[PDB]
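**Student:** So that we are looking at the same thing, I have put the structure below in structure tokens.
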Number of protein chains: 8
Amino acid sequence: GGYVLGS
Amino acid sequence: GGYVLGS
Amino acid sequence: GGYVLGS
Amino acid sequence: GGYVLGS
Amino acid sequence: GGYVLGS
Amino acid sequence: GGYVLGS
Amino acid sequence: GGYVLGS
Amino acid sequence: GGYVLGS
């Protein structure tokens, strides 16, 4: 799977 | 921000 | 089990 | 486990 | 801030 | 600034 | 994976 | 300030 996070 | 947890 | 995504 | 990204 | 992409 | 943590 | 941070 | 890119 995959994930992307931003801040 | 962001977080992801798995179990 | 499971997954959680938050901010 | 998991990941967190913040500022 | 920033960004992260993973699996 | 920014930080990223993993576990 | 990859991450990028800025400050 | 600055920037960092990693894996």
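Chain labels run A, B, ... following the order of the structure tokens; each chain numbers its residues from 1, and ligands are numbered from 1 in the order shown.
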Set out as JSON lines a contact list for chain B and chain A with a cut-off of 10 Å, giving each residue of chain B that qualifies its closest atom pair and distance in Å to one decimal, counting only C-alpha atoms, ordered by chain and rising residue number.
**Tutor:**
```
{"residue": "B:1", "atom": "CA", "partner": "A:7", "partner_atom": "CA", "distance": 4.0}
{"residue": "B:2", "atom": "CA", "partner": "A:5", "partner_atom": "CA", "distance": 5.4}
{"residue": "B:3", "atom": "CA", "partner": "A:5", "partner_atom": "CA", "distance": 7.1}
{"residue": "B:4", "atom": "CA", "partner": "A:3", "partner_atom": "CA", "distance": 8.1}
```
**Student:** Apply DSSP to the backbone of this structure and, from chain B, keep only the residues in strand (DSSP E); write these as a list in words.
**Tutor:**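 Those residues are residues 2, 3, 4, 5 and 6 of chain B.
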**Student:** Create the file for the chosen residues now, containing C-alpha atoms and written as a PDB file, in the first residue's frame.
**Tutor:**
```pdb
ATOM      1  CA  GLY B   2      -0.667  14.051   9.675  1.00  0.00           C
ATOM      2  CA  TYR B   3      -0.222  10.620  11.189  1.00  0.00           C
ATOM      3  CA  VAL B   4      -1.036   7.060  10.246  1.00  0.00           C
ATOM      4  CA  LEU B   5      -1.126   4.051  12.567  1.00  0.00           C
ATOM      5  CA  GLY B   6      -1.576   0.352  11.869  1.00  0.00           C
TER       6      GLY B   6
END
```
